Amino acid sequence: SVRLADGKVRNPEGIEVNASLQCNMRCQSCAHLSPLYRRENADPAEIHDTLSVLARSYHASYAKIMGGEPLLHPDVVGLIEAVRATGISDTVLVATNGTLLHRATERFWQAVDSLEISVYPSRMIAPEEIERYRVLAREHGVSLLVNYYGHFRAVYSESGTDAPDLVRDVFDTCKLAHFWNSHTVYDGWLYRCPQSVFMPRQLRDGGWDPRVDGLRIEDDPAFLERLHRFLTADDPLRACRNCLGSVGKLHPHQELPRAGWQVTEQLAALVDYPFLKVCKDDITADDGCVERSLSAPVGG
């Protein structure tokens, strides 16, 4: 999966760059807890500097420009170009809820390699508009993927678990840690997953410093094997104790517009235990969240 080659850690999936921590939706069980985050747009110069350092010892297939909703970013193309210019990835992908996609310029389509549109019931996108986006993508040689979500799985609780057996099983079947390789860059540090950096400070008792679970991005000679150890380590993070990994219980997707988004239910009551047993046998088991999907790939 994640392997060394030509003096770099290779991620066959993506390095995740959260353009905006905030969002324009309030999805229940949002894995980045974006409904709880204030306006915070990444600085392209800062992102370029950090990723240029990491790029000397790390390379991923794509850089996933995301966040909450990256189309909220005032200069998403400047961020794309900064990420591309680091050489940290072969391609640059933007993942978006689509609601703001009408605002995107031609300048945006010219700078993007791939586009992923999550389509949720509460913010449904008209097939005529998705058709137009398919035409636009083909026009600019952009790969397009449109996911129609039926469900989400719970992701965390402020009321974490004390049983190491549960934490271990949650971490062991976590697709973010082991399969999707949701490597996340934030404020100069690298994380195994978005939950480990964005959840702890949202635990209303204050949580803890997320840097306990991350790795400071540096480029001394000793960094390469440090990165190698960090990204293949097989022990649960501290954030796993409050996390449901990929085995939280399934619920019909919906927004929670009213205040009180935080989850306080006992973690163990939120675990999908039959699905955990399934993911123990096969960590790639479909999570049941996408009901229909459409892809218009551009063949390399």
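Quick note: we count residues from 1 along the sequence shown, nothing fancier.
Novice: For the stretches 229-237 and 40-48, which has the higher mean C-alpha B-factor as given in the deposited record?
Specialist: Averaging CA B-factors over each stretch, the winner is 40-48.
Novice: Averaging only over Cα atoms, indicate whether 249-257 or 60-68 has the higher B-factor in the PDB entry.
Specialist: Taking the mean C-alpha B-factor of 249-257 and of 60-68, the larger value falls to 249-257.
Novice: Highest recorded C-alpha temperature factor, please, choosing from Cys193, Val185, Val212, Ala126.
Specialist: Answer for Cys193, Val185, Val212, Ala126: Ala126, with the highest C-alpha B-factor.
Novice: Would you mind finding, among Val197, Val112, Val155, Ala95, the residue with the largest C-alpha temperature factor in the entry?
Specialist: Spelled out: the listed residue with the top C-alpha B-factor is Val112.
Novice: Split into thirds by Cα B-factor across the chain's modelled residues, where does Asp281 land: lowest, middle or highest?
Specialist: Within its chain, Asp281 is a highest-third residue by C-alpha B-factor, going by the deposited values.
Novice: Give the position of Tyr149 by CA B-factor within its chain, expressed as the lowest, middle or highest third.
Specialist: Middle third of the chain for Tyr149's C-alpha B-factor.
Novice: Is the Cα B-factor recorded for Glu291 in the lowest, middle or highest third of its chain?
Specialist: Tercile = highest for this residue's CA B-factor.
Novice: By its CA B factor, does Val53 count among the lowest, middle or highest third of the modelled residues in the chain?
Specialist: According to the entry, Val53 has a C-alpha B-factor in the chain's middle third.
Novice: In terms of the chain's CA B-factor thirds, is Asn242 lowest, middle or highest?
Specialist: Lowest third of the chain for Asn242's C-alpha B-factor.
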